[PDB]
Amino acid sequence: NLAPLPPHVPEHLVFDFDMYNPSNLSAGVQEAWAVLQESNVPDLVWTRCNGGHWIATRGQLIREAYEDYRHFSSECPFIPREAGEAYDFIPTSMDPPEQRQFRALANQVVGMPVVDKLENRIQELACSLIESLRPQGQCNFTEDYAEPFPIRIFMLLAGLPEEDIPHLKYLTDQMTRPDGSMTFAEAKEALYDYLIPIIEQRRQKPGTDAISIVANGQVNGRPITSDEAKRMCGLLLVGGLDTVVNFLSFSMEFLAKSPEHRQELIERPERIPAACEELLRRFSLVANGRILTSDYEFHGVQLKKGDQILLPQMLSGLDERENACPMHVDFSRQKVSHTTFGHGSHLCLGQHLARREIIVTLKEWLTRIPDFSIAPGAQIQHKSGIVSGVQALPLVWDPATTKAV
Ligand code: HEM
Ligand SMILES: CC1(C)[C@@H]2CC[C@@]1(C)C(=O)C2
Ligand SMILES: [K+]
């Protein structure tokens, strides 16, 4: 499980962290990654896991490297190397300058003006899902809400049938948290197999859905190619199916465990947007990276062309050098420093949709089910990867303490 140490890597920088199965996982996935920020651990380490790669452990370095696309390229942005090599989504597998023209098209389908066309439907689905669960006095939150709420909104946006969710969700998860049955390349190709006939159909007969808009789009005034459209749509599916889905479960687990924070938002609902931001910091969940374009000395460490570096978006906001008492959730925190939605030229385009889904969930859940807890005797298990998540989140409550709107 440990790749031979490259000749240029010194032993004193070796820390064999496994991003797909970190040793301290039972403590919580954020806690497990935060072992990289213990006082004896250097700012930049090499792990022999997952083929061997660097890890920047501190916000300062993570931010610097995300800004410097000349040295730290997105051409191979996933670990392990085979995944990064196969990864060809647009815009994420591109560096500036070529990357930038594709962002505007992606903005047309997932950006703020769209969140606006979707506002009422987002609100309606959250309320309907929560009301359906409310009288039961229990739910399996991952399957009962965290998945169907954002995924059904995405499938609506993309004009895709809801009965396709199990297949698409399985494939997406193999790209971020592989079970071992499929390589990244096999999962990606299966996703493209799905998207190919649909992109063709919607270039022939355009609708108003996101796939039609991307497939018939222009990038800096020239037509998108069918294959650029495919590479963008694949990314949109992964964002739709495996980001907010996981984040909602970290947030709801925290609220189930912290009646004081629930009460704060019930009594002071105007604090919900700020709470969303603080939860985005504390339960940050993404970690991808970059590949070195040249030999480069970075913070006193010799990096070689072709070396991969994991730059965990998750870690910046958990760094005590960015936020004091970083594991503490404080909704009144004055400067909430984080890179949860990335940093540099690839800043998340889905972040407005994500925040709306989070804020609607917090408001509409606490309106109906203010008082809830983790199920008796349950120990909540997390899972780690490119995007981390919660395996299961059984919640209970007394229906007498709930409110039908
Ligand atoms: C909590 C929710 C989310 C988080 C934490 C998140 C995180 C991120 C991060 C860290 C990146 C930068 C990756 C890099 O630099 O290589 C990114 C980019 C992106 N995200 Fe999000 N994302 C979320 C939700 C979404 C959603 C819901 C969508 C769409 C449905 C989406 C679409 C995109 C797109 C298209 C990019 C590519 C931007 C580019 O490469 O220029 N994201 N996201
Ligand atoms: C790293 C991401 C969260 C960002 C959007 C989905 C994701 C898995 C990507 O491939 C880019
Ligand atoms: K690649």
Side-chain angles (χ1 to χ4, degrees), residues 62-63 65-67 69 72-78 81-96 98-111 114-115 118 122 146 149-151 153-158 172-177 184-185 188 191 210 214 231-251 276-277 279-281 283-291 308 310-317 338-358 361 385-389:
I62 292 164
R63 291 169 184 273
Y66 279 126
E67 291 166 19
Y69 58 84
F72 300 105
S73 171
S74 290
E75 185 198 355
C76 183
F78 275 27
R81 191 176 298 273
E82 291 75 5
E85 288 179 341
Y87 186 105
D88 72 344
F89 293 153
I90 291 177
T92 310
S93 69
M94 295 168 163
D95 298 311
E98 92 176 308
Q99 178 220 163
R100 308 194 170 272
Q101 56 196 329
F102 295 100
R103 286 179 59 87
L105 182 57
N107 254 318
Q108 285 193 305
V109 299
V110 300
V114 167
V115 179
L118 287 172
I122 295 172
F149 169 64
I151 294 172
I153 292 301
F154 181 80
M155 299 294 277
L156 171 72
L157 173 59
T172 296
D173 289 0
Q174 303 320 301
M175 289 183 262
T176 54
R177 292 178 307 283
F184 180 99
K188 181 197 76 156
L191 186 62
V214 168
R231 295 159 63 197
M232 180 169 284
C233 290
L235 175 60
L236 296 176
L237 270 153
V238 174
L241 274 54
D242 203 42
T243 59
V244 180
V245 167
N246 300 300
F247 178 77
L248 292 173
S249 290
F250 289 119
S251 291
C276 170
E277 210 68 18
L279 292 167
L280 280 163
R281 182 197 65 79
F283 301 106
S284 198
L285 70 170
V286 180
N288 73 336
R290 300 290 187 256
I291 188 171
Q308 297 188 270
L310 188 72
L311 301 168
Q313 286 89 343
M314 180 199 290
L315 284 182
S316 307
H338 71 77
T339 56
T340 290
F341 287 124
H343 189 74
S345 68
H346 292 268
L347 279 174
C348 176
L349 287 170
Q351 65 178 277
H352 313 302
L353 178 60
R355 287 194 179 85
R356 177 64 64 78
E357 289 178 346
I358 295 155
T361 296
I386 300 283
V387 182
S388 292

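Order of appearance sets the numbers: ligands from 1, and atoms from 1 within every ligand. Note that these values count all heavy atoms, side chains included, but never hydrogens, waters or copies made by symmetry. Numbers here simply count residues along the sequence, with the first being 1.
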Check whether any N or O atom of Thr340, backbone or side chain, sits under 3.5 Å from an N or O atom of ligand 1, and answer yes or no. no
Tell me whether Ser74 has any N or O atom under 3.5 angstrom from an N or O of ligand 1. no
Any chance CD of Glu75 has more than 12 other-residue heavy atoms, nucleotides or ligands included, within less than 6.0 Å? no
Less than 3.5 Å between some nitrogen or oxygen of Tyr66 and one of ligand 1, yes or no? no
Give the numbers and elements of all ligand 1 atoms closer than 4.0 Å to a heavy atom of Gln99. 39 (C), 41 (O)
Nearest-neighbour protein heavy atom for atom 38 (C) of ligand 1, which is reported as residue plus atom name and distance: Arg103 NH1, 3.3 Å
Show all protein N/O/S atoms under 2.8 Å from atom 21 (Fe) of ligand 1, or state that there are none. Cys348 SG
Nearest non-hydrogen protein atom, atom 14 (C) of ligand 1: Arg290 NH2, 3.5 Å
Tell me: protein heavy atom nearest atom 40 (O) of ligand 1, and distance? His346 ND1, 2.7 Å
At the K ion (ligand 3), O of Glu75 and O of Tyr87 open up to roughly (10° bins) 100°
Pairing donors with acceptors under 3.5 angstrom, does anything connect the side chains of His346 and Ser74? yes
Can you see whether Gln313 engages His343 through a side-chain donor-acceptor pair at a distance of less than 3.5 angstrom? no
Ligand 2 polar-atom proximity to protein (N/O, under 3.5 Å):
unit_1   : atom_1 : unit_2 : atom_2 : d
ligand 2 : 10 (O) : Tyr87  : OH     : 2.7

Nearest heavy-atom approach of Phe247 to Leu279 is CE1-O, 3.3 Å
Any donor-acceptor pair under 3.5 Å linking the side chain of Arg231 with the backbone of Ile90? no
Report yes or no: does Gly84 have an N/O/S atom closer than 3.4 Å to the K ion (ligand 3)? yes
Show which atoms of ligand 1 fall inside a sub-4.0 Å distance from at least one heavy-atom site of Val244. 2 (C)
Side chain to side chain donor-acceptor pair (under 3.5 Å) between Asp242 and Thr176, intermediate numbers included: CA-CA 8 Å; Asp242 203 42; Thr176 54; 2.7 Å; yes
side-chain contact (heavy atoms from CB on, under 4.5 Å) evaluation trace for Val114 with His352: CA-CA 9 Å; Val114 167; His352 313 302; over 6 Å; no
Please name the pair of heavy atoms, one in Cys276 and one in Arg355, separated by the smallest distance, quoted to 0.1 Å. SG-CG, 4.2 Å
Ignoring hydrogens, what is the shortest heavy-atom contact between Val214 and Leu105? Give both atom names and the distance. O-CD2, 3.8 Å
Closest heavy-atom contact between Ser316 and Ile62? OG-CG2, 3.5 Å
Ignoring hydrogens and angles, tell me if any N or O in the side chain of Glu98 forms a donor-acceptor pair with the backbone of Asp95 under 3.5 Å. no
How close does the nearest protein non-hydrogen atom get to atom 30 (C) of ligand 1, and which residue and atom is it? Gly240 N, 3.7 Å
Using the side-chain contact (heavy atoms from CB on, under 4.5 Å) rule, pick out the option among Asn246, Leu353, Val245 that qualifies with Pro150. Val245
Any idea how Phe78 and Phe184 line up, ring-wise: parallel (<30°), tilted (30 to 60°), or perpendicular (>60°)? perpendicular
Return the residue, atom name and 0.1 Å-rounded distance of the protein heavy atom closest to atom 35 (C) of ligand 1. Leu235 CD2, 3.7 Å
So for ligand 1, is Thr92 a polar contact partner (N or O within less than 3.5 Å, distance only)? yes
Can you give me the closest heavy-atom contact between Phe102 and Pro91, atom names plus distance? CB-CG, 4.0 Å
Looking at the K ion (ligand 3), is there an N, O or S atom belonging to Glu85 that lies under 3.4 Å away from it? yes
State, with a plain yes or no, whether a side-chain heavy atom of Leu347 is found less than 4.5 Å away from one of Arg103. yes
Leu311 to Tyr66 - nearest heavy-atom pair and separation: O-OH, 2.7 Å
